[PDB]
Structures are given as C-alpha cells and as structure tokens.
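Undergrad: One file is attached below, entry26.cif, containing mmCIF, C-alpha atoms and all ligand atoms.
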data_structure
loop_
_atom_site.label_atom_id
_atom_site.label_comp_id
_atom_site.auth_asym_id
_atom_site.auth_seq_id
_atom_site.Cartn_x
_atom_site.Cartn_y
_atom_site.Cartn_z
CA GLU V 4 51.03 -15.80 8.96
CA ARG V 5 49.56 -15.56 12.47
CA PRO V 6 48.62 -12.18 13.93
CA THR V 7 50.02 -10.63 17.09
CA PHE V 8 47.53 -10.66 19.98
CA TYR V 9 47.18 -8.34 22.99
CA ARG V 10 45.74 -8.93 26.41
CA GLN V 11 43.21 -6.82 28.21
CA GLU V 12 40.86 -7.26 31.15
CA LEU V 13 37.41 -6.01 30.36
CA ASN V 14 33.90 -6.86 31.60
CA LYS V 15 35.49 -9.22 34.07
CA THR V 16 37.57 -11.36 31.72
CA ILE V 17 40.68 -11.38 29.64
CA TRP V 18 40.17 -10.38 26.10
CA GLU V 19 42.96 -11.64 23.83
CA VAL V 20 42.49 -10.30 20.32
CA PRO V 21 44.58 -9.44 17.27
CA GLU V 22 46.16 -6.00 17.53
CA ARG V 23 44.29 -4.90 14.38
CA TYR V 24 41.26 -4.53 16.65
CA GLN V 25 41.68 -1.36 18.77
CA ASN V 26 39.72 0.48 21.49
CA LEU V 27 37.50 -2.31 22.75
CA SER V 28 34.51 -1.19 24.78
CA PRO V 29 31.60 -3.27 26.22
CA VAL V 30 28.13 -2.86 24.75
CA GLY V 31 26.25 -5.96 25.97
CA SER V 32 26.67 -8.94 28.30
CA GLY V 33 24.59 -12.04 29.19
CA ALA V 34 23.39 -15.26 27.51
CA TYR V 35 25.09 -14.34 24.18
CA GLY V 36 28.53 -14.40 25.70
CA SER V 37 29.94 -10.90 25.89
CA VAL V 38 30.40 -8.12 23.22
CA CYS V 39 32.73 -5.11 22.74
CA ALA V 40 32.68 -2.40 20.10
CA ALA V 41 36.04 -2.01 18.39
CA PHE V 42 37.85 -0.25 15.53
CA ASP V 43 39.21 -2.57 12.84
CA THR V 44 42.41 -0.73 11.88
CA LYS V 45 42.75 -2.88 8.69
CA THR V 46 39.49 -1.76 7.10
CA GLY V 47 38.67 1.39 9.07
CA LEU V 48 35.29 -0.18 10.03
CA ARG V 49 33.78 -0.21 13.53
CA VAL V 50 33.05 -3.81 14.41
CA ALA V 51 31.43 -5.84 17.11
CA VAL V 52 33.66 -8.50 18.69
CA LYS V 53 31.89 -11.26 20.61
CA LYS V 54 33.78 -13.52 23.00
CA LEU V 55 31.76 -16.74 23.37
CA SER V 56 30.84 -17.58 26.92
CA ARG V 57 31.86 -21.01 28.20
CA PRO V 58 31.92 -22.44 24.70
CA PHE V 59 32.87 -26.08 25.48
CA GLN V 60 31.70 -26.37 29.12
CA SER V 61 29.28 -29.24 28.21
CA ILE V 62 28.09 -31.25 25.21
CA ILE V 63 25.16 -28.85 24.77
CA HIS V 64 27.40 -25.68 24.98
CA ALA V 65 29.81 -27.22 22.52
CA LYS V 66 27.13 -28.16 20.02
CA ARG V 67 25.66 -24.59 20.36
CA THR V 68 29.05 -23.12 19.76
CA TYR V 69 29.37 -25.23 16.58
CA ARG V 70 25.84 -24.36 15.42
CA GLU V 71 26.41 -20.57 15.82
CA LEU V 72 29.75 -20.64 13.97
CA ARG V 73 28.37 -22.85 11.16
CA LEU V 74 25.30 -20.60 10.66
CA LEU V 75 27.27 -17.36 10.66
CA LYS V 76 29.90 -18.77 8.24
CA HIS V 77 27.09 -19.70 5.78
CA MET V 78 25.34 -16.29 5.59
CA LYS V 79 26.61 -14.21 2.67
CA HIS V 80 23.91 -11.63 1.92
CA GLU V 81 23.64 -7.85 2.31
CA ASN V 82 20.49 -7.99 4.45
CA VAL V 83 21.78 -10.80 6.77
CA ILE V 84 24.41 -10.62 9.46
CA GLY V 85 27.72 -12.09 8.29
CA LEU V 86 31.11 -12.95 9.71
CA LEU V 87 33.99 -10.57 9.12
CA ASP V 88 36.49 -12.66 11.11
CA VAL V 89 36.66 -15.57 13.61
CA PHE V 90 39.74 -16.22 15.73
CA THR V 91 41.26 -17.94 18.75
CA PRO V 92 44.46 -17.12 20.68
CA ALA V 93 45.18 -20.88 20.67
CA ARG V 94 48.04 -22.20 18.47
CA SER V 95 46.71 -25.80 18.37
CA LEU V 96 43.63 -27.99 19.04
CA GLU V 97 45.05 -28.99 22.44
CA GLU V 98 44.99 -25.39 23.75
CA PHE V 99 41.75 -24.33 21.95
CA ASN V 100 39.44 -22.88 24.61
CA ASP V 101 38.11 -19.48 23.50
CA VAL V 102 36.30 -18.39 20.32
CA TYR V 103 35.74 -14.79 19.18
CA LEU V 104 33.40 -13.69 16.34
CA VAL V 105 33.64 -10.34 14.53
CA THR V 106 30.73 -8.70 12.71
CA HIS V 107 29.75 -5.27 11.45
CA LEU V 108 28.70 -2.81 14.07
CA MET V 109 25.45 -1.49 12.70
CA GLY V 110 24.64 1.30 15.14
CA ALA V 111 21.03 0.40 16.15
CA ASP V 112 17.97 -1.74 15.87
CA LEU V 113 14.43 -1.19 14.67
CA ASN V 114 13.19 -0.63 18.25
CA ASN V 115 15.26 2.56 18.42
CA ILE V 116 13.96 3.66 14.99
CA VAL V 117 10.22 2.92 15.66
CA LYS V 118 9.46 5.54 18.34
CA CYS V 119 12.21 8.07 17.90
CA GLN V 120 10.77 8.57 14.40
CA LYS V 121 7.38 8.58 12.54
CA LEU V 122 8.21 6.74 9.29
CA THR V 123 7.27 7.88 5.77
CA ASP V 124 5.71 5.29 3.48
CA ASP V 125 8.77 5.24 1.24
CA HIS V 126 10.97 4.47 4.24
CA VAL V 127 8.56 1.69 5.46
CA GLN V 128 8.74 0.16 1.99
CA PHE V 129 12.56 0.23 2.10
CA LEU V 130 12.80 -1.41 5.56
CA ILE V 131 10.27 -4.17 4.81
CA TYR V 132 11.75 -4.74 1.35
CA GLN V 133 15.19 -5.39 2.91
CA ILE V 134 13.69 -7.74 5.56
CA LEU V 135 11.96 -9.76 2.83
CA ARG V 136 15.09 -9.80 0.65
CA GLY V 137 17.19 -11.25 3.54
CA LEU V 138 14.34 -13.67 4.39
CA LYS V 139 14.11 -15.00 0.81
CA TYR V 140 17.84 -15.82 1.07
CA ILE V 141 17.52 -17.46 4.56
CA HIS V 142 14.51 -19.52 3.46
CA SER V 143 16.20 -20.65 0.33
CA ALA V 144 18.89 -22.29 2.54
CA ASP V 145 16.05 -24.24 4.28
CA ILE V 146 16.49 -22.22 7.46
CA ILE V 147 13.64 -20.75 9.50
CA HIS V 148 14.43 -17.83 11.74
CA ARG V 149 11.52 -18.33 14.30
CA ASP V 150 12.26 -15.19 16.31
CA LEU V 151 12.03 -12.16 14.00
CA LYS V 152 11.30 -9.04 16.07
CA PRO V 153 12.62 -5.43 15.95
CA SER V 154 15.53 -6.14 18.35
CA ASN V 155 16.82 -8.80 15.87
CA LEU V 156 16.91 -6.18 13.01
CA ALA V 157 20.11 -4.12 12.94
CA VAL V 158 20.01 -0.78 11.24
CA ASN V 159 22.58 1.91 10.43
CA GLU V 160 22.30 5.59 9.64
CA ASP V 161 21.05 5.15 6.06
CA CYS V 162 18.52 2.54 7.46
CA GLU V 163 20.34 -0.22 5.62
CA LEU V 164 19.15 -3.30 7.44
CA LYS V 165 20.55 -6.78 8.42
CA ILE V 166 18.60 -9.72 9.97
CA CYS V 167 20.44 -10.88 13.08
CA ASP V 168 20.20 -13.51 15.85
CA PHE V 169 22.67 -14.52 18.73
CA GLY V 170 22.44 -11.02 20.28
CA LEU V 171 24.45 -9.48 17.41
CA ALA V 172 21.95 -6.65 16.99
CA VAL V 189 9.80 -5.22 24.62
CA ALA V 190 7.93 -8.66 24.38
CA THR V 191 8.93 -11.39 21.83
CA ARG V 192 5.48 -12.85 22.14
CA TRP V 193 4.10 -9.86 20.20
CA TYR V 194 5.65 -11.02 16.91
CA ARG V 195 5.07 -14.80 17.16
CA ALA V 196 2.82 -16.69 14.71
CA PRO V 197 -0.27 -18.27 16.29
CA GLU V 198 0.93 -21.81 15.52
CA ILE V 199 4.04 -21.35 17.65
CA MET V 200 1.90 -20.37 20.68
CA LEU V 201 -0.29 -23.43 20.09
CA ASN V 202 2.82 -25.70 20.27
CA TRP V 203 2.33 -26.94 16.68
CA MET V 204 5.79 -28.68 16.31
CA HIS V 205 5.73 -28.68 12.46
CA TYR V 206 6.42 -25.14 11.09
CA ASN V 207 6.19 -23.56 7.71
CA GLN V 208 8.82 -20.96 6.75
CA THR V 209 5.89 -18.57 6.69
CA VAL V 210 5.97 -18.41 10.49
CA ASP V 211 8.55 -15.73 9.67
CA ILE V 212 6.10 -13.90 7.33
CA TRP V 213 3.65 -13.51 10.20
CA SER V 214 6.35 -11.74 12.20
CA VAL V 215 7.14 -9.44 9.16
CA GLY V 216 3.44 -8.57 9.05
CA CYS V 217 3.46 -7.57 12.70
CA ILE V 218 6.65 -5.50 12.24
CA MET V 219 5.24 -3.73 9.14
CA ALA V 220 1.96 -2.89 10.90
CA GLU V 221 3.92 -1.26 13.73
CA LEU V 222 6.12 0.83 11.37
CA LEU V 223 2.84 2.09 9.82
CA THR V 224 0.89 2.92 13.00
CA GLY V 225 3.59 3.54 15.58
CA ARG V 226 1.88 0.97 17.94
CA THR V 227 2.42 -2.74 18.65
CA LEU V 228 -0.25 -4.58 16.58
CA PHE V 229 -0.94 -7.38 19.16
CA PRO V 230 0.49 -6.32 22.60
CA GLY V 231 -0.76 -9.44 24.50
CA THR V 232 -0.12 -9.59 28.24
CA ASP V 233 0.30 -13.33 27.82
CA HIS V 234 -0.11 -16.08 25.16
CA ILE V 235 -3.89 -16.38 25.62
CA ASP V 236 -4.48 -12.60 25.49
CA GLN V 237 -2.15 -12.51 22.48
CA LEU V 238 -4.31 -15.09 20.69
CA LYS V 239 -7.50 -13.18 21.63
CA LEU V 240 -6.11 -9.99 20.05
CA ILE V 241 -5.10 -11.94 16.89
CA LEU V 242 -8.51 -13.56 16.41
CA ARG V 243 -10.30 -10.26 16.76
CA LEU V 244 -8.35 -9.00 13.71
CA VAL V 245 -8.26 -12.10 11.48
CA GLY V 246 -11.41 -13.88 12.71
CA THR V 247 -11.85 -17.41 14.03
CA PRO V 248 -10.65 -20.43 11.95
CA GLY V 249 -12.77 -21.41 8.94
CA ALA V 250 -13.73 -24.99 8.09
CA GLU V 251 -11.03 -25.23 5.47
CA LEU V 252 -8.41 -24.54 8.14
CA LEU V 253 -10.20 -26.84 10.72
CA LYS V 254 -9.67 -29.78 8.34
CA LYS V 255 -5.91 -29.51 8.88
CA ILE V 256 -5.90 -29.54 12.67
CA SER V 257 -5.13 -33.08 13.94
CA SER V 258 -5.17 -32.19 17.65
CA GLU V 259 -8.54 -33.25 19.08
CA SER V 260 -8.35 -30.88 22.10
CA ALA V 261 -7.41 -27.87 19.96
CA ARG V 262 -10.31 -28.54 17.56
CA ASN V 263 -12.68 -28.84 20.56
CA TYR V 264 -11.56 -25.56 22.06
CA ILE V 265 -11.61 -23.64 18.78
CA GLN V 266 -15.15 -24.98 18.26
CA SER V 267 -16.18 -23.63 21.68
CA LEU V 268 -15.21 -20.08 20.58
CA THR V 269 -17.97 -17.67 19.67
CA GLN V 270 -17.32 -17.09 15.96
CA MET V 271 -15.92 -13.81 14.82
CA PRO V 272 -15.48 -12.41 11.36
CA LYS V 273 -12.30 -11.11 9.74
CA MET V 274 -12.03 -7.32 10.13
CA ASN V 275 -11.38 -5.26 7.01
CA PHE V 276 -7.79 -4.12 7.44
CA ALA V 277 -8.56 -0.79 5.75
CA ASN V 278 -10.54 0.11 8.90
CA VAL V 279 -7.63 -0.69 11.12
CA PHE V 280 -4.69 0.81 9.25
CA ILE V 281 -6.35 4.11 8.59
CA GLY V 282 -4.68 6.22 5.92
CA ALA V 283 -1.97 3.75 5.06
CA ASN V 284 -0.97 3.21 1.45
CA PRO V 285 -3.72 0.89 -0.02
CA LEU V 286 -0.88 -1.36 -1.34
CA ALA V 287 0.57 -1.75 2.18
CA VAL V 288 -2.90 -2.74 3.47
CA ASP V 289 -3.18 -5.33 0.68
CA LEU V 290 0.22 -6.79 1.50
CA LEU V 291 -0.70 -6.95 5.22
CA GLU V 292 -3.88 -8.87 4.29
CA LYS V 293 -1.71 -11.42 2.56
CA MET V 294 0.79 -11.84 5.45
CA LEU V 295 -1.53 -11.93 8.47
CA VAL V 296 -3.60 -14.99 7.59
CA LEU V 297 -4.20 -17.67 10.22
CA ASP V 298 -3.59 -20.53 7.76
CA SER V 299 0.21 -20.64 7.25
CA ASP V 300 -0.32 -22.41 3.86
CA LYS V 301 -2.12 -19.29 2.56
CA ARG V 302 0.37 -16.63 3.63
CA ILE V 303 2.45 -14.92 0.95
CA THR V 304 6.05 -16.21 0.74
CA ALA V 305 9.18 -13.87 0.96
CA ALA V 306 9.80 -14.45 -2.77
CA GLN V 307 6.23 -13.62 -3.73
CA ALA V 308 6.10 -10.59 -1.37
CA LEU V 309 9.19 -9.03 -3.11
CA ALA V 310 7.12 -8.87 -6.32
CA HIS V 311 4.10 -7.23 -4.67
CA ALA V 312 3.38 -3.78 -6.19
CA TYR V 313 4.04 -2.12 -2.79
CA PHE V 314 7.82 -2.53 -3.45
CA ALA V 315 7.74 -1.51 -7.12
CA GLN V 316 10.38 1.20 -6.52
CA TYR V 317 12.94 -1.22 -4.96
CA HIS V 318 12.22 -4.65 -6.53
CA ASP V 319 14.75 -6.09 -8.96
CA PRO V 320 14.29 -9.77 -9.77
CA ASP V 321 17.95 -9.97 -10.89
CA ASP V 322 19.30 -8.71 -7.56
CA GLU V 323 17.39 -10.85 -4.95
CA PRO V 324 19.82 -13.75 -4.68
CA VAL V 325 19.37 -17.22 -3.09
CA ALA V 326 21.64 -19.16 -0.81
CA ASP V 327 23.62 -22.32 -1.29
CA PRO V 328 22.07 -25.30 0.51
CA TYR V 329 22.95 -25.39 4.18
CA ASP V 330 23.97 -28.81 5.71
CA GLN V 331 21.94 -29.08 8.94
CA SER V 332 22.76 -32.87 9.23
CA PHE V 333 24.84 -32.22 12.38
CA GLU V 334 21.67 -31.30 14.35
CA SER V 335 20.71 -34.98 14.48
CA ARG V 336 24.15 -36.15 15.77
CA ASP V 337 25.05 -36.90 19.41
CA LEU V 338 28.83 -36.49 19.85
CA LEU V 339 31.32 -35.95 22.63
CA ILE V 340 32.57 -32.57 23.84
CA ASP V 341 35.97 -33.06 22.22
CA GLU V 342 34.32 -34.01 18.90
CA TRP V 343 32.15 -30.86 18.78
CA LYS V 344 35.28 -28.85 19.82
CA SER V 345 37.39 -30.38 16.98
CA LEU V 346 34.69 -29.71 14.37
CA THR V 347 34.53 -26.10 15.67
CA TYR V 348 38.35 -25.77 15.46
CA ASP V 349 38.14 -27.09 11.83
CA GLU V 350 35.67 -24.32 10.97
CA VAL V 351 37.86 -21.59 12.61
CA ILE V 352 40.92 -22.80 10.70
CA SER V 353 39.07 -23.00 7.31
CA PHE V 354 37.53 -19.52 7.64
CA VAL V 355 38.16 -17.20 4.62
CA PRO V 356 37.37 -13.54 5.19
CA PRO V 357 35.12 -11.76 2.69
CA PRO V 358 36.92 -9.51 0.04
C1 LIG V 401 -6.26 -20.02 17.31
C2 LIG V 401 -6.11 -20.75 16.00
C3 LIG V 401 -4.66 -20.76 15.57
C4 LIG V 401 -4.56 -21.64 14.36
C5 LIG V 401 -3.18 -21.48 13.77
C6 LIG V 401 -3.35 -22.07 12.41
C7 LIG V 401 -2.02 -22.38 11.81
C8 LIG V 401 -2.48 -22.78 10.45
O1 LIG V 401 -1.32 -23.03 9.74
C9 LIG V 401 -1.03 -24.38 9.74
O2 LIG V 401 0.35 -24.44 9.98
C10 LIG V 401 0.80 -25.76 10.00
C11 LIG V 401 2.23 -25.74 10.48
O3 LIG V 401 2.96 -24.67 9.94
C12 LIG V 401 0.54 -26.41 8.64
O4 LIG V 401 1.05 -27.73 8.68
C13 LIG V 401 -0.94 -26.41 8.34
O5 LIG V 401 -1.18 -27.01 7.07
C14 LIG V 401 -1.41 -24.96 8.39
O6 LIG V 401 -2.83 -24.82 8.22
#
Just dump the structure as structure tokens.

TA:
Amino acid sequence: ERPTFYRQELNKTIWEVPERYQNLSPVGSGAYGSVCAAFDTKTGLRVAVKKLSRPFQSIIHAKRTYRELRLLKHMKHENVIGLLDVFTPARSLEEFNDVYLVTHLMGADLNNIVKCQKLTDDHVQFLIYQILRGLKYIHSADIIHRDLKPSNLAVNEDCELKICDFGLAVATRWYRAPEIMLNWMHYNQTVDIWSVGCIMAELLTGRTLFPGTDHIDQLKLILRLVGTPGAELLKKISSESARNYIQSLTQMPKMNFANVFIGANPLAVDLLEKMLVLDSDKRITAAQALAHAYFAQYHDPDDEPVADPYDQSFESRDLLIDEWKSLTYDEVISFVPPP
C-alpha cells in the first residue's frame, strides 16, 4: 500500500518524499513554504513538489494549511491549478508533522511571456479565453480569487494556461479593482474581471495599463481612463467620507478606448470597455465574456464546465491546533489522485 520514501537535505531542510519523485531541485523559497522541481517516474511528468513551511506552528498556520489543502483538492479544471498528489512521511496522526503538495510544473508565467514576446491577436484571444474559462469555474464554486496578476498565471510551451495561487506559478497593485483599494469590504466576483481587463490590455499594448507608484496614483490613472463616478454609481456608496472626497474631484469624462488601444481588434476594445467599468455591478461576468464575439474561434458552450459547490463553512470556525491538524490529516488520507 504505502510507498517507500527517501531522505535528502535540500534548501536547508530534510525532504522526505516517495521514491517515485526523482531529481529534486529548488526553484523558489519564502512565504509559500519551499518548492522543488522533480520528475514523476510514474507518469513521466515534471512536477512541482511543495513542502509546507511550519504547517501547524500555531492556530493560524494550521487553519491556513487546511484552507490551502481544501482549496487545491476542490479544483478540477484544465485552466486551474490542481493537485496531482499530497503526502506525508508520517504513518499516523500522532507523528503527522509535514505536508507535501504535488502539482504540474508548467514552465513559466505570463510575466515571462509578456515582454519576451509581442503577442498576435489570435494568441491574446487564446490566453484571455483560458483565463475566463478557469474563472467561470472558480466563480461557480462561490470563490473569488482577489489577486489575479500575470505571476499567478502559469503557462507552458503551447501557452496552455492555469490560474494559480499559493506561489505555485512587478506590482500587484497594478491589477487590483478600485473597490479593493478603497477598502470596500463587500466584493463582487467581478473584482476578478477588472484584473482580467488589466491583463488583457497589457497583452495588447506591451505596457502596464495603470502602473501606479502607490494606491492614490493608481486611482488617479484609473479615473483618467474610465472617468469619475456618475450619479447612478454615487447612489450606491454608503461611506460619507468617500462620497465627500469623490464629490471634491474635478469631473472627468470617460475616454474612448479606441483612442487608447490603437490598432487593436475592434472586438477586443469592445470587450475591454465591458470589463473596465468602475461600477462592479455593470462589469461583464466570466460566463458572459466567454460568449463575446472576440472569442468566437475558441468558445464552446458545451465545454466550459462549472464546479461543484465548495464548503467554505470552516472559515467561520475557531478550533484548536490539534483539531485543524486532524481535519488536515483526514483530507490527506482521503485524497484520490486524478486518472
Ligand atoms: C474612485 C471611485 C472608485 C469607486 C469604485 C466603485 C466600485 C463600484 O462597484 C461597487 O462594488 C460594490 C462591491 O463590490 C457593490 O456592492 C456596489 O453595488 C458596486 O457599485
């Protein structure tokens, strides 16, 4: 039943992994934990193996460990990072102290693609299509990503793409929706559509759309493009101080995006106009965007699947270290690899 493990001292720690994984080599350390590239001798795939850092050091670490494992076990979609394997060298709950995750090693991210390469329109369509397809799936599980940016988009050779998080793929601020920088505290899923808009603009032009030096500059750059809030939007702002400030602003009109994205496909410009709207209620959804004529060559309504509902009820629970550890052990033990 149980595999044979082998011991190895790497970044600065012991790696104990099943002997099916060969030729470990470090590719990234820090707040994620710690990650090695490896060859999965069973499947002939290159994989990434992540050893979680200090997984059960405190209540908060332990709950984070649980959260990450639960999320990754749920995602079963071609355009979202998934779990190939999860294991521990421990034989029982009493000795359970280390957790390793195994995912595909896609060989790069969209940062590396963006300015080593000037993208054709067909290839922009393909990249954004795959983002939106993965996002439809994530949103259907009632999950919001909140941090979509090029370094969270893994890409291989053929520019097949997966949405990532937890380090498994310069400034994050550049892709954030305005309402996050205003500390809104209720978010629509379409915060993620704003970020897609920013990413798409950049694939088209080869430049960051809103390269703010800080959150205030970032907002200034955004308003110059989309204009200052209209009355219809102002009706939905409950914060007195935010209304006051916005009202102090000298009004500016929406720019016509055709004048900004010069020479882009007219359909891409249209789609951009529908993503980069200040009012989150009026942004196109991932589902609706898939059907936009810009993606006519890739869209198939019968092959854009949705997710099973994801039980987030644990986020509201306050438990002990050993309880979060036990729940995590349960999830390791119940793991079933994909085909
Ligand atoms: C500088 C002005 C920035 C205004 C940002 C406007 C965000 C508008 O989007 C708002 O998002 C909220 C939360 O997702 C929703 O509850 C509101 O109904 C919606 O209007």

Undergrad: Give the answer as one residue: which of V:53, V:15, V:234, V:239 has the shortest atom-to-atom distance to residue 108 (chain V), using all atoms listed in the file?

TA: V:53

Undergrad: Around all of region 221-236 of chain V's listed atoms, make the axis-aligned box with 6 Å on each side and tell me centre and edge lengths in Å to one decimal, as lines of an AutoDock Vina configuration file.

TA:
center_x = 0.8
center_y = -6.4
center_z = 19.0
size_x = 22.6
size_y = 31.9
size_z = 30.4

Undergrad: Can you list, as an MDAnalysis selection string, every protein, DNA or RNA residue that comes within 9 Å of region 115-129 of chain V when you count all atoms listed in the file, leaving out same-chain residues fewer than 4 positions away?

TA: chainID V and resid 111 133:134 153:154 158 162:163 219 221:226 283:284 287 313:314 316:317

Undergrad: Please produce a file of the residues just selected, as a PDB file, in the frame of the given file, where the atoms kept are C-alpha atoms.

TA:
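Writing done, so here's selection28.pdb:
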ATOM      1  CA  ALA V 111      21.030   0.400  16.150  1.00  0.00           C
ATOM      2  CA  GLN V 133      15.190  -5.390   2.910  1.00  0.00           C
ATOM      3  CA  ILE V 134      13.690  -7.740   5.560  1.00  0.00           C
ATOM      4  CA  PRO V 153      12.620  -5.430  15.950  1.00  0.00           C
ATOM      5  CA  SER V 154      15.530  -6.140  18.350  1.00  0.00           C
ATOM      6  CA  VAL V 158      20.010  -0.780  11.240  1.00  0.00           C
ATOM      7  CA  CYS V 162      18.520   2.540   7.460  1.00  0.00           C
ATOM      8  CA  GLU V 163      20.340  -0.220   5.620  1.00  0.00           C
ATOM      9  CA  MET V 219       5.240  -3.730   9.140  1.00  0.00           C
ATOM     10  CA  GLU V 221       3.920  -1.260  13.730  1.00  0.00           C
ATOM     11  CA  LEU V 222       6.120   0.830  11.370  1.00  0.00           C
ATOM     12  CA  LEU V 223       2.840   2.090   9.820  1.00  0.00           C
ATOM     13  CA  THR V 224       0.890   2.920  13.000  1.00  0.00           C
ATOM     14  CA  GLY V 225       3.590   3.540  15.580  1.00  0.00           C
ATOM     15  CA  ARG V 226       1.880   0.970  17.940  1.00  0.00           C
ATOM     16  CA  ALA V 283      -1.970   3.750   5.060  1.00  0.00           C
ATOM     17  CA  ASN V 284      -0.970   3.210   1.450  1.00  0.00           C
ATOM     18  CA  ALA V 287       0.570  -1.750   2.180  1.00  0.00           C
ATOM     19  CA  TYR V 313       4.040  -2.120  -2.790  1.00  0.00           C
ATOM     20  CA  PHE V 314       7.820  -2.530  -3.450  1.00  0.00           C
ATOM     21  CA  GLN V 316      10.380   1.200  -6.520  1.00  0.00           C
ATOM     22  CA  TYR V 317      12.940  -1.220  -4.960  1.00  0.00           C
TER      23      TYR V 317
END

Undergrad: Which residues are close to residue 43 (chain V), i.e. within 12 Å by all atoms listed in the file, leaving aside same-chain residues fewer than 2 positions away? Reply as a ChimeraX atom specification.

TA: /V:20-27,40-41,45-52,87-88,105-108

Undergrad: May I have the protein, DNA and RNA residues with an atom at most 9 Å from (25.7, -25.6, 11.9), counting only C-alpha atoms in the file's coordinates, returned as a list in words?

TA: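 These residues have at least one counted atom within 9 Å: residues 66, 67, 68, 69, 70, 71, 72, 73, 74, 75, 76, 77, 329, 330, 331, 332, 333 and 334 of chain V.
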
Undergrad: Per residue of chain V within 8 Å of ligand LIG 401 (chain V), which atom pair is closest and at what distance in Å (one decimal), using only C-alpha atoms and all ligand atoms, listed by chain and increasing number, as a tab-separated table?

TA:
residue	atom	partner	partner_atom	distance
V:196	CA	V:LIG401	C5	7.7
V:197	CA	V:LIG401	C5	5.0
V:198	CA	V:LIG401	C5	4.5
V:201	CA	V:LIG401	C3	6.8
V:203	CA	V:LIG401	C11	6.3
V:204	CA	V:LIG401	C11	7.4
V:205	CA	V:LIG401	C11	5.0
V:206	CA	V:LIG401	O3	3.7
V:207	CA	V:LIG401	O3	4.1
V:208	CA	V:LIG401	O3	7.6
V:209	CA	V:LIG401	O3	7.5
V:210	CA	V:LIG401	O3	7.0
V:238	CA	V:LIG401	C1	6.3
V:242	CA	V:LIG401	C1	6.9
V:247	CA	V:LIG401	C2	6.9
V:248	CA	V:LIG401	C2	6.1
V:252	CA	V:LIG401	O6	5.6
V:255	CA	V:LIG401	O5	5.6
V:256	CA	V:LIG401	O6	7.2
V:265	CA	V:LIG401	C1	6.6
V:297	CA	V:LIG401	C6	5.0
V:298	CA	V:LIG401	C8	3.7
V:299	CA	V:LIG401	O1	3.8
V:300	CA	V:LIG401	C14	5.3
V:301	CA	V:LIG401	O6	7.9

Undergrad: Which residue gives the smallest distance to residue 81 (chain V) among V:216, V:246, V:137, V:356, with only C-alpha atoms counted?

TA: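 Looking only at the distances to residue 81 (chain V), the closest residue turns out to be V:137.
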
Undergrad: Render region 200-218 of chain V from the structure in the preceding block as a file of N, CA and C atoms, as a tab-separated table (two decimals), in the first residue's frame.

TA:
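Done, and the output landed in selection.tsv:
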chain	number	residue	atom	x	y	z
V	200	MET	N	-8.96	48.96	-3.29
V	200	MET	CA	-8.05	49.99	-2.83
V	200	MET	C	-8.79	51.05	-1.99
V	201	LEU	N	-10.11	51.10	-2.18
V	201	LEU	CA	-10.96	51.90	-1.28
V	201	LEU	C	-11.49	51.15	-0.03
V	202	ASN	N	-10.93	49.98	0.25
V	202	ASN	CA	-11.30	49.19	1.45
V	202	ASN	C	-12.80	48.84	1.54
V	203	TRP	N	-13.41	48.48	0.39
V	203	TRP	CA	-14.87	48.32	0.35
V	203	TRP	C	-15.42	47.26	1.33
V	204	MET	N	-14.72	46.14	1.52
V	204	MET	CA	-15.20	45.05	2.44
V	204	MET	C	-16.43	44.17	2.04
V	205	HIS	N	-17.23	44.56	1.05
V	205	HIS	CA	-18.09	43.62	0.33
V	205	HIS	C	-17.53	43.61	-1.09
V	206	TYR	N	-17.25	42.42	-1.66
V	206	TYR	CA	-16.77	42.32	-3.06
V	206	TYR	C	-17.62	41.47	-3.98
V	207	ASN	N	-17.80	41.99	-5.17
V	207	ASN	CA	-18.41	41.16	-6.22
V	207	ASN	C	-17.32	40.23	-6.76
V	208	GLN	N	-17.72	39.10	-7.34
V	208	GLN	CA	-16.81	38.27	-8.13
V	208	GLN	C	-16.14	39.03	-9.23
V	209	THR	N	-16.82	40.07	-9.73
V	209	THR	CA	-16.25	40.85	-10.83
V	209	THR	C	-15.09	41.73	-10.41
V	210	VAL	N	-14.66	41.72	-9.14
V	210	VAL	CA	-13.30	42.24	-8.87
V	210	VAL	C	-12.26	41.53	-9.74
V	211	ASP	N	-12.51	40.23	-10.00
V	211	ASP	CA	-11.56	39.44	-10.78
V	211	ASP	C	-11.62	39.82	-12.26
V	212	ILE	N	-12.77	40.26	-12.73
V	212	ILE	CA	-12.91	40.72	-14.15
V	212	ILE	C	-12.12	42.01	-14.39
V	213	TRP	N	-12.11	42.94	-13.41
V	213	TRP	CA	-11.23	44.07	-13.53
V	213	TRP	C	-9.78	43.68	-13.81
V	214	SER	N	-9.27	42.71	-13.05
V	214	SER	CA	-7.91	42.28	-13.16
V	214	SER	C	-7.69	41.69	-14.57
V	215	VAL	N	-8.66	40.89	-15.01
V	215	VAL	CA	-8.56	40.30	-16.43
V	215	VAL	C	-8.45	41.41	-17.45
V	216	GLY	N	-9.27	42.46	-17.30
V	216	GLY	CA	-9.17	43.63	-18.15
V	216	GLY	C	-7.77	44.23	-18.18
V	217	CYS	N	-7.17	44.41	-17.00
V	217	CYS	CA	-5.84	44.98	-16.96
V	217	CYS	C	-4.79	44.10	-17.65
V	218	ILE	N	-4.94	42.78	-17.48
V	218	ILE	CA	-4.02	41.77	-18.03
V	218	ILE	C	-4.17	41.81	-19.56
